[PDB]
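J.: below is the structure, and that's it, no one-letter string:
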């Protein structure tokens, strides 16, 4: 039959789509974690700068 | 003749249905896309026009 052909045609597209769309929902979850990570790394860098500078200022004053 | 001719060309993955106008029948064959050529060859060979 012609109908036994057709059911294999949907079940084929509808797995490719759902693997593509779990390869976007994975990729985003990665890039966002590495984003979140880097936005606290940069937060680390700032704190040092502002404390190293500050201690020198208060020393020179005294 | 046509029915036998389609069936060798296009196997069993086809639907041939017909309805009667007032003579013979205008007949319609349904085939998968890319088995289009197999079906047309069968008609051309018979001397059946579209």
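T.: Great, that's in hand. Numbers count the residues shown, from 1 in each chain, chains lettered A, B, ... in the order given.

J.: only C-alpha atoms for contact and neighbour calcs from this point on.
T.: Noted.

J.: list the contacts of whichever residue of chain A sits closest to chain B.
T.: When scored by Cα to the nearest Cα, chain A has residue A:2 as its residue closest to chain B, at 3.9 Å. Counting by Cα atoms under 8 Å, 6 or more residues apart in numbering or on different chains, residue A:2 touches B:12, B:13, B:14, B:15, B:31, B:32.

J.: 6 Å - rerun?
T.: Residue A:2 makes contact with B:13, B:14, according to Cα atoms under 6 Å, 6 or more residues apart in numbering or on different chains.

J.: from residue A:18, how far out is it?
T.: Applying Cα to Cα, to the nearest Å, the value for residue A:2 to residue A:18 is 26 Å.

J.: next one: phi and psi at the residue located most distally from the centre of chain B?
T.: Centroid-distance maximum for chain B: residue B:22 at 19.7 Å, with Cα atoms, centre = their mean. Dihedral pair for residue B:22: phi -170, psi 10, per degrees, to the nearest 10.

J.: against residue B:50, how distant is it?
T.: As judged by Cα to Cα, residue B:22 and residue B:50 stand 18 Å apart.

J.: quick check: residue B:49 is in a helix.
T.: No: inclusion of residue B:49 in a helix is not indicated when DSSP: H, G, I helix; E, B strand; the rest coil is applied; the result is coil.

J.: count of neighbours near it?
T.: Taking other Cα atoms under 10 Å in any protein chain shown as the criterion, the count of residues near residue B:49 is 8.

J.: element containing the closest residue to it other than its chain neighbours?
T.: Leaving aside its chain neighbours, residue B:49 sits nearest to residue B:43 (6.9 Å; criterion: Cα to Cα, 6 or more residues apart in numbering or on different chains). According to DSSP states H and E, residue B:43 maps onto helix B:36-46.

J.: can you list the residues of chain A near chain B?
T.: Residues of chain A that fall close to chain B, judged by Cα under 6 Å from any Cα of the partner chain: A:1, A:2.

J.: what segments of chain A are helices?
T.: Assigned by DSSP state H, the helices in chain A fall at A:3-20, A:27-61.

J.: mind putting those into CSV with mean neighbour count?
T.: Converted to CSV, the helices of chain A look like this (neighbours: other Cα atoms under 10 Å in any protein chain shown):
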stretch, mean neighbour count
helix A:3-20, 10
helix A:27-61, 11
